[PDB]
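Novice: Below you'll find the structure I mean.
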Amino acid sequence: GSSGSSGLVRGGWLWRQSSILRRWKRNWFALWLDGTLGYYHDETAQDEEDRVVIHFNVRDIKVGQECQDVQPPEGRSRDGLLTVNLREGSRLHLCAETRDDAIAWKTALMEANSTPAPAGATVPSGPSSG
């Protein structure tokens, strides 16, 4: 709603595990201020694959060892795994190259899930001399 969404939080590449192919694949996940999560084929949002709710929607999120029914792809390590749970029930199988990345997503998500935004009236006002 709110005429869609305006403003991006983060945008990186993460490994997602498929169901029919049961294999990890490269995917670009981008979080919106509106409180939504959409991943497209590549950085360029041209062919939207899907869109899930983030605002008060994320039930839980695991990272690394936390994982229970997930395995790291080739090269990567268990110190990167990361899965997100949705209130709707369905979850999201992901895996960060490193633990750092995983945590970043876990925190960036957990927050947006339980943290609203003043989105409404703001100005780019900033520095001038320099």
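Residue numbering restarts at 1 for every chain of the structure tokens, chains are lettered A, B, ... in their displayed order, and ligands are numbered from 1 as they appear.
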If we count only C-alpha atoms, what is near residue 84 of chain A at a cut-off of 12 Å, once residues fewer than 2 positions away on the same chain are taken out, given as a PyMOL selection string?
Specialist: chain A and resi 16+37+52-54+57-63+66-67+70+81-82+86-95+102-103+105-110+113
Novice: Closest to residue 32 of chain A among A:12, A:130, A:1, A:7, using only C-alpha atoms?
Specialist: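 Of A:12, A:130, A:1, A:7, the one nearest residue 32 of chain A is A:7, counting only C-alpha atoms.
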Novice: Skipping near chain neighbours, those fewer than 6 positions away, what residues fall within 9 Å of residue 49 of chain A using only C-alpha atoms, listed as JSON, numbers by chain?
Specialist: {"A": [38, 39, 40, 41]}
Novice: Run DSSP on the backbone of this structure and report the residues of chain A it assigns to strand (DSSP E or B), as number ranges by chain.
Specialist: A: 8-17, 24-32, 36-40, 48-53, 58-63, 81-86, 91-95
Novice: Could you please determine the separation between atom CA of residue 31 of chain A and atom CA of residue 19 of chain A in Å, to one decimal place?
Specialist: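 Taking atom CA of residue 31 of chain A and atom CA of residue 19 of chain A, their separation equals 22.9 Å.
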